Ligand SMILES: *[C@@H]1O[C@H](CO)[C@@H](O)[C@H](O)[C@H]1NC(C)=O
Ligand SMILES: *[C@@H]1O[C@H](CO)[C@@H](O)[C@H](O)[C@H]1NC(C)=O
Ligand SMILES: *[C@@H]1O[C@H](CO)[C@@H](O)[C@H](O)[C@H]1NC(C)=O
Ligand SMILES: [Ca+2]
Ligand SMILES: [Ca+2]
Ligand SMILES: [Ca+2]
Ligand SMILES: [Ca+2]
Ligand SMILES: [Ca+2]
Ligand SMILES: [Ca+2]
Ligand SMILES: [Ca+2]
Ligand SMILES: [Ca+2]
Ligand SMILES: [Ca+2]
């Protein structure tokens, strides 16, 4: 059990495919859904959770392995999302005005970020690679940046007059900022109501699954404007009600969990 | 040093890979951004061009190589575009009501067209293949077409009565018209304001790169409805500000110039 | 292409590509308004096209493009056709203008833009010249010395500068190649561009309708050549001119050849 | 030929142009490559 | 040849059997992953089929050596024969075939599978060392 | 050299036939021959070596003949024979090792390793027993000019060449037409690729031709010709000609139509094969012409029509391949194979004793650089060293 190390693995091509770990992973794992308040609002039923649980019970998932966790709105969810389960599903409504925020949410939860803190009053920060971004959470973040030159002086901005800084956010609950990698930036931030963290995007999180409910696929996880990929756990649906959506999820929960895979870290 | 001849080339596979021509192509080339006036308006600054150039200087592009050329609107840009640089980037705002217009702009700039003129009042024209289209630029084009039969009589239209024609374009600044290939058409066009040209589509242009700053990817380069492709130099971003977009372009310029390659012609 | 070509003197002279280039090419004439005025007809274009249709050029291949004057034509000429013929009226007072036009269209230029106010430029070789187009160009130049000061002119007093062009629409300017000049140009009304002269443009054909052959394309006064596609007629009318062109169009296209460098609609290439 | 007129320090005058050219930059590139090859052993002689 | 080498071995001497396409390698199809995950989405490893007289080895990286140093990744395969050989005439070629198309391979423990969609490049810094 | 072969053969046949208990009626002739060889050798002093790590050995022959009194064989005869044969065997091995390593452009047939120049004398002519092997028979035939022949199984006549050729190229390498080939040993795997599936070409057809020119004539060749070349039928990233940039190649294999394989000789055609796949024959040829075509399928299902569009993107590139393996062959001259160890023996001797490079053979005797320039001097020296390597392999494999 050599943890903290990475060793060469080996195998063969003559070994046969083993049994189906389904009907056991459901029992020794847990499934957490994240629905919006609009769903329960439209529904207007108190026993819909027990109903979906008794339905899951047919697919194999036992009674107390399923969890439902409401969220009033996509931004309130983006505010410190704490996903601690063994299989997470996230039903996400589409709004053309919220596109960037509901893509930042995806880039935050679908992936696994290694996040170090940040202190703006003392230091001036720079990015090193293309995956070392700055994610800001809080209730209203107003972020301004002033890049510096080789000799610690601004570029189109002054290091005293914060009004001359360059604005990238304006009262956003979640922000993910990428800047030019190789230049030191001086920052202004609403530290009182927002925390900023310098995070490196590691390999992806195979434990969550986003399901867009409405419009066409728009989520550009990769900040670089060349890939625009569609990952396997990035699902779309077209909706007019919510019971049909929940029945679809329950009937196709095995494909979802096949698209997902228990975490590594 | 032969010109205008296509000769067989020859090489090998035991030849080794040469060095990175980046950090020299930057110095020996030129870059031209095409941003909309809304960007400058939102920014509300007058040193941002020099700021971006000083940033680019950290990526390798020298000072007198980068240029920013403004365009008030998609249609105004579409009116007689002239993209003459060694690397062109275009930031296109999304608008449902401008979908076909900004698809025709893409089909015009991304591709390379061999254009001959058109004298409507004298001749009756026809298309030979799926590439000989009719592109009309100007302030307000109002095009109407009557296909003719074997004996140069009209088909559901009267050669004399201009009103019986089939209007395919109503007061548009750029039209790209594909009609039935194999019949002789007679046109009515507001030639005082719009110039129309019979243009055969050659292979693509690898010098320009479109970047849809907003909504989903809708551009249908190919006039034919079956393929509906998406190329490498057709990018997409999600936006709420413009400083972030320009920072992203800057930080991932090398990916863009990898997606692009200088022109064959 | 950097590779070689190979051939043999035993091979056979193939069939005539004429009678097929006529079908898969386009022709475009440039006539003056004076011609249409003298003619006083409206269907003369369809007439000439129906006449070309005997010589082989099909219906939708021949085009006619009116130009009010030599200078208005020299202002940004956009020749976009696979074969171009130009009919050019002689005028002593316009000799240099219709020679600059010739040097512009018959040859293939590679142009870069020129910023007068922030920088100062020089010419390197005898093919790098400064061409200015617009409605009224007026160019003044002061050459400088090694220590960035004038030569018989003052860097500040624009009147001290030396006037090379006055009230011209097209100007081709060649100065001493190897000194730095400071320019004064009506940028609001004329844009100026540093253009290198590449090989010739085999797609156009100038036809001087009146006077003797005077066009000196090559700015050096030692060649004074007469290229193949530089023709001369003597005229008392325009119908005879057009009939002559139509009856001897084959020789003209034998004297011309489609371009080699690349495809482009204007009279020059741009490289920033 | 004539030490034409009370010239400046010609060694400095020539050197301030000398150290911008192919020769000196290639010398620096070579020394840097030798140092970089000497530095690490885990790269595996990656210059082929 | 056989009875001759028999008599030689009895009267000890340096014998020899001349073989054409000798079946000296035991059938071994197998892979080796030096950077693995549960979802098998970014892998680095080497795959080999040693069969009869032939070997087909192939080193695969899913990142194409973007994070590795100098944009290069090293792969090594050490075949340790059971008996010595001499005067071997060998044919070496690049771009092994049977590891050059889409594949669906089980992991070591035969519990889960992983996909493999290759793109063949040439091996550079190639070195073949015959040791004794 | 003939006497060297005869020495090796009588010594092999001695170590084989001369064994305890056997019958003198089976080895009377070989014993008369052995005694004759001993008589012809006794009184001579040879030297061997002195080039490279070869030690300088001096051979003296003072032996005693083998009695013919016996009517059955025994150990006191076999052991004498063996103690006399080991010395001759070491002598022959050292001679062959001193001969495989020497070269000359001036009459390379003429022997080097001066001990062999001596054995070529007239007094050593009494040792010829039988020149029965293929190599020595062809040697004798060449000396007495006649139609020779060496039979080969999977001959290595094609030098390793792995290269492409683009008859329509672009900087972005997005619409290409060309042919790729790997010619190695006995195999030719060629593949003509068009990225547009012959949409703009006349008759929806694109021609492809591969000409191969052999450095030596071949006859009675058995050939295995199949379609759908394998090593050029999967995704690939290749460099350009000048090696600066790279391009991609995602193939989709189709069948050759109008295929025509022409085996020619001096530009005149000899054998022709139209749409015949499998085992074919070629009786005399120095040139191969594989001319195939890529024909756009006129009738296409949706799944395949969605791959070959009328526009430039072209994310699937149509290919037409051909494998061609020369299984058996016959050659007037000498080559290498997959069946014989002659080249291996030569190269191993040279690598072991650290022979410097000579004026004829390239360094390490790499078959590519040694077949690409197969000039008469190289051919002569190669025949010589292959013959003596066969001689040495007859005794010490
Ligand atoms: C594996 O699956 C087969 C088929 O269902 C079953 O018979 C077998 O018992 C399973 N293995 C184990 C260890 O249960
Ligand atoms: C080869 O490329 C590397 C990586 O960009 C660079 O560091 C090196 O200087 C290049 N070689 C030369 C000779 O410039
Ligand atoms: C070329 O001209 C000759 C003479 O008229 C004629 O016989 C021949 O058919 C022509 N070539 C072709 C391809 O028709
Ligand atoms: Ca946001
Ligand atoms: Ca970054
Ligand atoms: Ca500012
Ligand atoms: Ca339009
Ligand atoms: Ca059409
Ligand atoms: Ca009608
Ligand atoms: Ca003038
Ligand atoms: Ca003056
Ligand atoms: Ca000059």
Exercise. Starting at 0 and stepping by 10 Å, how many percent of the alpha carbon pairs of the range C:114-212 end up in each bin?
Worked result: 14, 41, 31, 10, 4, 0
Exercise. At what distance in nm do the modelled label points of residue E:125 and residue B:263 sit from each other, each positioned 7 Å from its Cα along Cα→Cβ?
Worked result: 4.2
Exercise. If one computes the Cα centroid of the range C:104-137 and of the range F:355-397, what distance in Å separates the two points?
Worked result: 68
Exercise. Between rounded, prolate and oblate, where does the range B:7-81 land on the alpha carbon gyration tensor, with a ≥ b ≥ c its root eigenvalues, rounded for a/c under 1.5, else prolate if a/b exceeds b/c?
Worked result: oblate
For this session: Would you order C:184, A:129 from fewest to most other beta-carbon atoms within 10 Å of each residue's own beta-carbon?
Result: A:129, C:184
Seminar exercise, completed: Relative to chain D, whose Cα atoms define the longest principal axis, helix D:22-39 and its Cα axis are tilted in degrees, nearest 10, by 30
Seminar exercise, completed: antiparallel share of DSSP beta bridges within the range A:16-162, to nearest 5, in %, is 10
Problem set entry | Rg(Cα)/(2.2 N^0.38 Å) for the range F:133-197, N = residue count | 1.94
Exercise. Rg(Cα) of chain F divided by 2.2 N^0.38 Å?
Worked result: 1.34
Seminar exercise, completed: With T = 25 °C, eta = 0.890 mPa s and Kirkwood Rh from C-alpha pairs, the Stokes-Einstein D of the range F:292-344 in µm²/s is about 152
For this session: Would you mind ranking A:50, F:228 so that the residue whose beta carbon has the fewest other beta carbons within 10 Å leads the list?
Result: A:50, F:228
Exercise. Looking at the range B:50-121, what % of the alpha carbon pairs are farther apart than 16 Å?
Worked result: 62
Exercise. Just for the protein assembly as shown, what percent of DSSP beta bridges are antiparallel, to the closest 5?
Worked result: 75
Problem set entry | Within chain B, helix-based [θ] at 222 nm, where runs of 4 or more DSSP H residues each add -39,500 (n - 2.57), nearest 500 | -5500 deg cm²/dmol
Seminar exercise, completed: Tilt, helix B:48-59 to longest principal axis of chain B (alpha-carbon atoms), in degrees rounded to tens, equals 60
Problem set entry | chain F - mean residue ellipticity at 222 nm from DSSP helices (-39,500 (n - 2.57) per run, n ≥ 4, rounded to 500) | -8500 deg cm²/dmol
Seminar exercise, completed: Computed over chain C, the relative contact order (Cα-Cα under 8 Å, seq sep at least six) in percent reads 24
For this session: Could you estimate the translational diffusion coefficient of chain A from the Stokes-Einstein equation, with Rh from the Kirkwood formula over C-alpha pairs, at 37 °C and 0.692 mPa s, in whole µm²/s?
Result: 156
Exercise. What does the average come to when, for each residue of peptide A:176-182, you count the partner chain Cβ atoms lying within 10 Å of its Cβ?
Worked result: 6
Seminar exercise, completed: quick shape note, chain E: Cα extents on principal axes in Å, largest first -> 61, 35, 22
For this session: Starting from the Cα gyration tensor of the range C:194-258, take the square roots of the eigenvalues, sort them a ≥ b ≥ c, and report rounded, prolate or oblate (rounded when a/c is under 1.5, otherwise prolate if a/b is larger than b/c, else oblate).
Result: oblate
Problem set entry | Percent of alpha-carbon pairs separated by more than 16 Å within the range B:68-178 | 67
For this session: Shielding by partners for F:304-310, please: the mean number of other protein chain Cβ atoms within 10 Å of each residue's Cβ.
Result: 2
For this session: Enter the mean projected area of the convex hull around the alpha-carbon atoms of the range C:1-46, in nm², rounded to one decimal.
Result: 7.1
Exercise. In whole Å, what three semi-axes, largest first, describe the equivalent ellipsoid of the range C:1-141 built from its Cα gyration tensor (square root of 5 times each eigenvalue)?
Worked result: 35, 29, 12
For this session: Evaluate 2.2 N^0.38 Å with N set to the residue count of chain D, then give the Cα radius of gyration divided by it.
Result: 1.97
For this session: Report, to the nearest 10°, how far helix F:28-41 tilts away from the longest principal axis of the Cα atoms in chain F, using its own Cα long axis and a range of 0 to 90°.
Result: 80
Exercise. How big is the Kirkwood radius of the protein assembly as shown, worked out from every pair of different alpha carbons and given in Å to one decimal?
Worked result: 39.8
Exercise. What are the semi-axes of the equivalent ellipsoid of the range F:63-102, taken as the square roots of 5 times the eigenvalues of the Cα gyration tensor, listed largest first and rounded to whole Å?
Worked result: 30, 8, 7
Exercise. How many angstrom lie between the C-alpha centres of the range A:161-216 and the range A:12-83?
Worked result: 29
Seminar exercise, completed: When D:19, A:201 are arranged by how many other beta-carbons sit within 10 Å of their Cβ, fewest first, they go D:19, A:201
Seminar exercise, completed: Log entry: pair-distance distribution for the range F:146-251, C-alpha pairs binned every 5 Å from zero, whole % per bin is 2, 9, 18, 20, 17, 13, 8, 7, 3, 2, 1, 0
Exercise. Of all DSSP beta bridges in the range C:1-91, what percent run antiparallel (nearest 5)?
Worked result: 0
Problem set entry | Whether the range F:262-397 is rounded, prolate or oblate, judged on the alpha carbon gyration tensor where a/c under 1.5 counts as rounded | prolate
Seminar exercise, completed: Under the 7 Å Cα-to-Cβ spin-label approximation, residue A:139 and residue F:153 lie apart by a distance in nanometres of 8.8
Seminar exercise, completed: Per residue convex hull volume, Cα only, the range F:84-140, in Å³ is 114
Seminar exercise, completed: Dimensionless Rg/Rh of the range F:91-181, both radii on Cα and Rh by Kirkwood, sits at 1.29
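Read-outs throughout are calculated quantities, based only on the coordinates presented, and are distinct from any laboratory measurement. With ideal geometry, Cβ positions are generated from the backbone for all residues, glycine too; neighbour counts draw on all protein chains shown.
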